[PDB]
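Descriptive structure summary
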Amino acid sequence: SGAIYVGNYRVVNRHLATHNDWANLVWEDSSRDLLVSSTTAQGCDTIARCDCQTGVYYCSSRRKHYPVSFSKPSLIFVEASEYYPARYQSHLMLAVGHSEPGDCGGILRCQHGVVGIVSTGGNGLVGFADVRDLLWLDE
Ligand SMILES: N#Cc1cccc(NC(=O)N2CCC[C@H](C(N)=O)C2)c1
Ligand SMILES: [Zn+2]
């Protein structure tokens, strides 16, 4: 679990969005596993606007942060799950690092701010959904 709180927006994994997220929907994209909902309170986070390929992510299944080197956002095949059919997930960055399904929502940050959230992984890999291209998150 986990979310990004920026301005009057909450960014979560689309497969973990709640009834309240869907009732206050701003934008969603099944291909990216992202959903953004509106909030009444101002949020705690800043979004990175950069091309960093190194950063640090939070891993809930270890209660620890890990440094990673990650690939540039791209289209990557993701096997079928209870939430989606087998498909290509876009804007996804891969890294070598521990992750389990419940780690989705953990934030990846670089020196410029939030880069994305955990969305895929397994077998010593972790995949992050990028948010750096969503310029409207800041206005
Ligand atoms: N093992 C593992 C693992 C680690 C981090 C994350 C995951 N992700 C998942 O559990 N899913 C199932 C729900 C939809 C997700 C999607 N992006 O299509 C993929 C697995
Ligand atoms: Zn950066």
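Residues numbered from 1 in each chain as written, not as in the entry; some residues may be left out. Chains lettered and ligands numbered in written order. Heavy atoms only, no water.

Going by the header, the method for this PDB entry is X-ray crystallography, and the resolution given is 1.489 Å.

**Looking at the site of ligand 1**
Filter applied, for reference: Here, proximity means that at least one heavy atom of the residue falls within 4 Å of the molecule or strand. Any N or O atom pair separated by 3.5 Å or less is treated as a polar contact, with the protein-specific requirement of one donor-capable and one acceptor-capable atom, and with residues adjacent in sequence counted only for side-chain atom pairs. We get accessible surface area from the Shrake-Rupley algorithm with a probe of 1.4 Å; when it comes to residues, only the shown protein chains can shield them. Only DSSP runs of H or I reaching four residues or more are called helices, and only runs of E reaching two or more are called strands; each is numbered from the N terminus. Note on residue classes: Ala, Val, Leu, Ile, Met, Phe, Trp, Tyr, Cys and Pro are nonpolar, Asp, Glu, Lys and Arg are charged, and everything else, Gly too, is polar.
Inspection of the region around ligand 1 gives 16 residues, with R87, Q89, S99, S119 and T120 positioned closest. For ligand 1, an oxygen atom lies 3.1 Å from a polar atom in the side chain of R87. The contact in question runs from a nitrogen atom of ligand 1 to an N or O atom on the side chain of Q89, over 2.9 Å. Protein contact buries 84% of the 470 Å² of open area that ligand 1 shows by itself. For the shell around ligand 1, the elements supplying multiple residues, two or more each, are β8 (87–96) and β10 (113–122). Looking at the shell around ligand 1 element by element, the count peaks at four residues for β10. Each residue belonging to the shell around ligand 1 can be placed in one class, and the counts come to five nonpolar, eight polar and three charged.

**Regarding the sheet that holds strand β11 (residues 125–130)**
The criterion, for reference: Paired strands, in this sense, are two strands between which DSSP finds at least two bridges. Only the contacting stretch of a helix is used when fitting its axis, a line to C-alpha atoms as for every element, and angles between N-to-C directions run 0 to 180 degrees.
On the basis of which strands lie adjacent, the open sheet formed by seven strands has the order β6-β5-β9-β10-β11-β8-β7 and antiparallel pairing. The sheet terminates laterally at β6 (64–69) and β7 (74–78), the two strands that pair on one side only. Between one strand axis and the next, the sheet turns by 50 degrees as a mean value, whatever way the strands run. Here four bridges tie strand β9 (residues 107–110) to β10, and the two strands are oriented antiparallel to one another. Counterpart to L108 in the pairing with β10 is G116.

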